[PDB]
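Single chain ahead, written as structure tokens, the form deposited in one PDB entry.
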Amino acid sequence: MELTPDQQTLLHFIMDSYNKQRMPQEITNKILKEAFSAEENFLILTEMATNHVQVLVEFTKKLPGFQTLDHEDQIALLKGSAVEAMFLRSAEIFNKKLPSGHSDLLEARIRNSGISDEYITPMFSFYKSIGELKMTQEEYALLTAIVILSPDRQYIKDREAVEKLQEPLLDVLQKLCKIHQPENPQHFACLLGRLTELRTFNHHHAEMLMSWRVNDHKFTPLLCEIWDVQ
């Protein structure tokens, strides 16, 4: 049931790459310090998402075997996973322990950010369900890698080549669930099942962004390539 020396090597390598992301405390400190207008909050999201995509591309490039894949499939994997990775990272930040009352204010600040009520409810439903799983940093890093190397993505020419890269990451995650949560044997299937709910945000992400209570929906050229906007 224990990790092999190769799997421990793979896990620490994924962890070092995952940790190069913007610190959660840095993000929560800005949202908790001052209450911003819907216009200011849209600009905050656009800058936050641009940095996330940039760091995600660097994390994706370091995933073992990713560089050996067909260049057209590489783009298909990045484009098909960018939104899901953003929501998984947002869920991780939201569930990080904060001093008494700060998490209540964080939720209230996100509710009043500018997004339509229609989209706020399923977003918090996902964050709370991810939170009830009580995932470790290693589980978040592997799940992100598993999301990126999904063979079921649109326009993928060689599905088997993507499968071969995802399988060792799924194996490491399964072993970590058994070690971290031996009390809950449903833990690994719980995480995997939460990826289908993650996929639902892809279909409605463009509608979610355009429904933001602002006059101008301005996006960066990089965000326009990753999202179905402008």
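Heads up: residue numbers just count along the shown sequence, starting at 1. Between two forms, the rigid core is the largest collection of C-alphas that superpose within 1.5 Å.
The form deposited in another entry exists for this protein as well; it is not shown, and the discussion that follows is about that form.
J.: Fix the rigid core, compare C-alpha positions between the shown form and the other one, and report which of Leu191, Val53, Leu165, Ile27 shifts by 2 Å or more.
T.: That would be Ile27.
J.: Can a Cα shift of no less than 2 Å be assigned to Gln74 between the shown form and the other one, given superposition on the rigid core?
T.: No, its C-alpha moves less than 2 Å.
J.: Classify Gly114 as shifted (yes) or not shifted (no) between the shown form and the other one, where shifted means its C-alpha moves by 2 Å or more with the rigid core superposed.
T.: Passes the 2 Å threshold, so yes.
J.: Would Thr136 count as moving between the shown form and the other one, using a Cα shift of 2 angstroms or more after superposing the core as the test?
T.: No: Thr136 shifts by under 2 Å between the shown form and the other one.
J.: How does the C-alpha distance between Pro24 and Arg199 change in that other deposited form compared with the present structure, closer or farther, given a change of 3 angstroms or more?
T.: Relative to the shown form, the pair is farther apart.
J.: At a change of 3 Å or more, would you call the C-alpha separation of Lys97 and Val83 in that other deposited form closer or farther than in the form supplied?
T.: Their C-alpha distance shrinks by at least 3 Å in that other deposited form.
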